[PDB]
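Take a look at this single chain, the form deposited in one PDB entry, given in structure tokens.
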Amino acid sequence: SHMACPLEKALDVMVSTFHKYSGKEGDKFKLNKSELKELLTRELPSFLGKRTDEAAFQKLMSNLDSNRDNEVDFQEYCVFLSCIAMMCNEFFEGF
């Protein structure tokens, strides 16, 4: 069955995007601060405000790192995407 369904392709993009940046520096299966910021700034610019407080980014990084190893693995990356989608749904629901 060629031409994968929209949601299947969406999941594909979500998975590949992680390894697109995690496979640049340090751990090939984890994201550091720099890699995560590259992923955010490049792959999700529509979600970034006009300006970016570095402290809020540090708090974000700290909140995503659930097991406290100074990096974000695929699971925590997933909870991040989940948060983004939940924001979008907040804007969808009421309005």
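One-based numbering along the sequence shown. Whichever C-alpha set is largest while still superposing within 1.5 Å between the two forms counts as the rigid core.
Averaged over C-alpha atoms, is the B-factor higher for 68-76 or for 9-17 in this PDB entry? 68-76 has the higher mean C-alpha B-factor.
So 20-28 or 83-91, which one's hotter by mean CA B-factor in the entry? Comparing 20-28 with 83-91, the higher mean C-alpha B-factor belongs to 20-28.
Using the temperature factors of the C-alpha atoms in this entry, rank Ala55 within its chain: lowest, middle or highest third. Its C-alpha B-factor, which the entry lists for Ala55, ranks in the highest third among residues of this chain.
Not on display, but discussed next: the form deposited in another entry.
Please name the one residue from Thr52, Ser34, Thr41, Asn70 with a C-alpha displacement of 2 Å or more between the shown form and the other one, using the rigid core for the superposition. Going through each option, the one that shifts is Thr52.
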